[PDB]
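For the protein sequence lines, the chains are J and D, in the order given.
Following the entry's author numbering, the numbering of the first sequence begins with 300 at its first residue and continues without gaps.
Following the entry's author numbering, the numbering of the second sequence begins with 202 at its first residue and continues without gaps.
Think of the CB as a built atom: it goes at the ideal place given N, C-alpha and C, for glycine as much as any other residue.
First up is the structure itself, then whatever we jot down about it.
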Amino acid sequence: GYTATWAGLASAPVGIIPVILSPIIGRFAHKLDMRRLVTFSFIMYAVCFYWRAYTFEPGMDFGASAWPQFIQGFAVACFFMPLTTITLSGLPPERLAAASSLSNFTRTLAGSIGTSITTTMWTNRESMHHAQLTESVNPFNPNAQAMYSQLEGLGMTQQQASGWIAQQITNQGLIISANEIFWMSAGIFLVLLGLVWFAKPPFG
Amino acid sequence: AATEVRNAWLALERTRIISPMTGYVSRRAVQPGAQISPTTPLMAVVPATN
């Protein structure tokens with residue numbers, strides 16, 4: 300039931316960390332093996348997503364979805380600068396334009412692909428959970444006729460009560476499916492960790 | 202009066218609930234001591250023929 304402005308406000312705490320650490324990382328870049336920053340960022344991204352996975356609940360306040368982004372601030376802060384420094388390492392000054400164009404093209408393609416996969420997974424797993432849930436709502440079940448009795452107490456018809464129960468099942472399925480995606484993303488991160496070590500150190 | 206006797210006798214003979222179909226029991230929401238009306242589901246019988 301959030302609004303657009305409130306929903307956007309829940310992602311403010313991501314920028315608290317980078318807006319500070321970005322210069323410090325830039326200032327001290329002379330004495331860091333940037334690969335170790337990339338590895339730390341991947342571990343920090345896995346931590347944040349597992350954090351979201353085991354803590355999302357129907358009655359979670361604004362703070363329950365604001366601490367994880369505060370943590371993700373570190374992960375985002377130490378991922379762009381080092382990896383982009385590695386990406387454009389050793390190339391002559393004249394070609395920096397073409398390399399940047401290629402990098403941006405690949406990154407945008409990746410973003411589009413990620414959105415396309417995630418949305419479909421979310422909806423389909425919501426459907427699966429809906430199927431597995433609506434089974435329990437049948438006759439021959441206490442604490443199922445009681446719900447109908449309480450609903451009819453408020454004046455709702457039988458059909459309206461059925462619709463209300465269906466809506467609740469849908470919401471629960473969305474939360475479960477949404478948390479199943481976060482778990483998968485963190486797991487996938489755990490494997491992408493070590494690839495950054497294949498890059499030679501000509502950085503400069 | 203014979204008609205009323207017949208109605209009462211049918212009422213008494215119906216205190217034993219008989220299965221109308223051959224099949225298998227699936228759900229059981231009836232326990233000893235439950236208060237039952239003609240609108241309360243009790244069991245289900247699922248044949249395996251057709």
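- DSSP places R217(D) in the coil class of the three-state scheme, outside both helix and strand.
- For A230(D), the residues of chain J that pass the 9 Å Cβ criterion are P438, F439, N440 and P441, in the order they occur in the chain.
- The DSSP-derived three-state label of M483(J) is helix.
- Taking a contact as a CB-CB distance under 8 Å, the pair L243(D) and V231(D) counts as one, their CB atoms being some 5 Å apart.
- For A345(J), no beta strand (DSSP E) segment is defined; the enclosing uninterrupted segment is the alpha helix (DSSP H) at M333 to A352.
- Between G389(J) and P501(J), the alpha-carbon positions lie close to 7 Å from each other.
- By the C-beta criterion, the region 407 to 425 of chain J is judged to be in contact with the region 476 to 488 of chain J, since at least 3 inter-stretch pairs fall below 8 Å.
- For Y447(J), the enclosing alpha helix (DSSP H) begins and ends at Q444 to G452.
- Interface with chain J (9 Å Cβ-Cβ cutoff): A209(D) is excluded.
- In this structure, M343(J) and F373(J) form a Cβ contact; the two beta carbons are roughly 5 Å apart against a cut-off of 8 Å.
- Pairing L432(J) with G493(J) gives a Cβ-Cβ distance that is not under 9 Å.
- Here the alpha carbons of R406(J) and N251(D) stand approximately 59 Å from one another.
- The beta carbons of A311(J) and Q368(J) sit closer together than 9 Å.
- For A245(D), no alpha helix (DSSP H) run applies; the uninterrupted beta strand (DSSP E) run containing it begins and ends at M244 to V247, by DSSP.
- Note on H329(J): under 16 other CB atoms within 10 angstroms of its CB, so exposed under the neighbour-count rule.
- Listed along chain J are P438 and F439, each with a C-beta nearer than 9 Å to that of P242(D).
- Flagged as an interface residue toward chain J: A245(D), by a C-beta distance shorter than 9 Å.
- Looking only at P221(D), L213(D), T204(D) and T216(D), the smallest Cα-Cα distance to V247(D) is reached by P221(D).
- Close CB contacts of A249(D) within its chain, under the 8 Å cut and outside five residues either way in sequence, are with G224 and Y225 (chain order).
- Judged by DSSP in its simplified three-state form, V490(J) adopts helix.
- CA-CA distance, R334(J) to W496(J), rounds to 7 Å.
- Around the Cβ of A306(J), a 10 Å sphere holds fewer than 16 other Cβ atoms; the residue is exposed.
- If you look at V318(J), you'll find it in the alpha helix (DSSP H) that goes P317 to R326.
- A Cβ-Cβ distance of about 6 Å is found for the pair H429(J) and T469(J), placing them in contact under the 8 Å criterion.
- Rounded to whole angstroms, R351(J) and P357(J) show a C-alpha spacing of 13 Å.
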